[PDB]
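Take a look at the structure tokens below, where one protein chain is shown in two forms, each on its own, as structure 1 and structure 2.
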Structure 1
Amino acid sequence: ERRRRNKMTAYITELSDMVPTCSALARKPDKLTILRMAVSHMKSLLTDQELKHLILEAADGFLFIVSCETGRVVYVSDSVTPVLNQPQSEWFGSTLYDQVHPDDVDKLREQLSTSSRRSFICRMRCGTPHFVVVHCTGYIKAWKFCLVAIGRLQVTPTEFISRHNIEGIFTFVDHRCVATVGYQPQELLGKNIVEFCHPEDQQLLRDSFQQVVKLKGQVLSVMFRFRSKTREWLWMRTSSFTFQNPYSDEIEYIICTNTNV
């Protein structure tokens, strides 16, 4: 083919642009030379440390090895420091159990049993008692045993929130209702939102409800008087929208945001 030879050249060209001792040259050397100036130039020179470096960049991961029988940390890379805000000196020579959430201790015990590939998720402490979610990947290598693994990180009242069935019945409320309306979640759950609205407002609420369903997906806001736990009538605005199943587009429930005015 024609462009066959051209792309070897683009490659070649590229090569010399990138071999400094070749690139820094008065004019461009030939094929046989650049070919032997790159050879000499790398015979000078992926780094062992670099592969490790990429992980940190990419996965925000760091490496560690622990003795399987005890959980004794036989090694931790220093990347524990950028990853965990943790000194290798804080980490090397230690026990993984010291480093996890007391509730991750059990889960941790099962991973280190004599048996292969291993992989799990756990919460670790970072210091200046705070925990972060860490995905651990690795394998068992004898060292009576050690675990070779990588831990990486992961990417990420004025009101209270409710979910309803399309009838207006309460099926979910956050703890801020107590703060917003004085009710215990139990006191709202299972009853119709209609049952909490002032008579003179109730059709608007229903109007609102017939509309948000009909105007599927989208938000509609409506304002009404809510009866507190202490019975006093409270002005409230709730903005809500319908929530549909991503597969079926069945309406899962109505989602409301109910803001004390």
Structure 2
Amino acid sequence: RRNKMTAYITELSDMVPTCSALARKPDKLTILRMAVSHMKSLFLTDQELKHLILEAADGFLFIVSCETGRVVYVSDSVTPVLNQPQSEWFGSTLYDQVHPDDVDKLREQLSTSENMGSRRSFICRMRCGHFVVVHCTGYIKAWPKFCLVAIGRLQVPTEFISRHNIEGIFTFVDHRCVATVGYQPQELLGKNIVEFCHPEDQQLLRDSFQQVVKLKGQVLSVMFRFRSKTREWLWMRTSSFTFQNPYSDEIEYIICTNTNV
């Protein structure tokens, strides 16, 4: 157990080039005095923690007035997060730097009616370069009237997708179907997919639907002729698989990617 304190001192010496600048470790008491000089020589530094936070979360700090939203201060990390000079931010109001439909959440959070040192945590869309989603956490400090001090961090047609009940009725269609089959989504939803299938190919697709269910979780790809809105049989590669609830495993829907072949 004495190793711990010994490794500690060899580790300490191994952390400084002026402790590798001797033939050997000085007296253990002398080693403690030797390091005290180095530690005092030079991690509370503002500039270090700002970069730690930009490293970790890709976020910047800013202070705006609660009454007007004017940015009394913005740190220089706004340029790497949002590609916006402090020129644009400083001497402006956060309202003109966020999405028009977010100014309301913005005033709500900027309110001082009920909450001073109160916390704040919201999400908004800030203009860049287009808007980016920004998580904002902060508090409210006296202006010297009121001011939000806050951190904002950044964070991460050939076919059409459909969802079906096991019967085969479209319960979901994405907007791309108008360019692949010509139907408006509402013309497909509520109807069965076999309705738009050429009668010759109808048993093929009908068989795939049972198979995908028995072949639970797994993809199979049937190929049939699809009736367009413009009425022309279009070959269609439908790759389907089962989706099931991650708790009860009850089948939630069949998911199909209809690709014109």
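Just so we're on the same page, residue numbers count up from 1 along structure 1's sequence. Heads up, when I say rigid core I mean the largest set of C-alphas that superpose within 1.5 Å between the two forms.
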Where the rigid core has been superposed, how far does the Cα of residue 30 end up moving between structure 1 and structure 2, given in Å? 2.3
How much does the C-alpha of residue 93 move between structure 1 and structure 2, in Å, given a rigid core overlay? 1.8
Could you check how much the CA of residue 110 shifts between structure 1 and structure 2 after a rigid core fit, in angstrom? 0.2
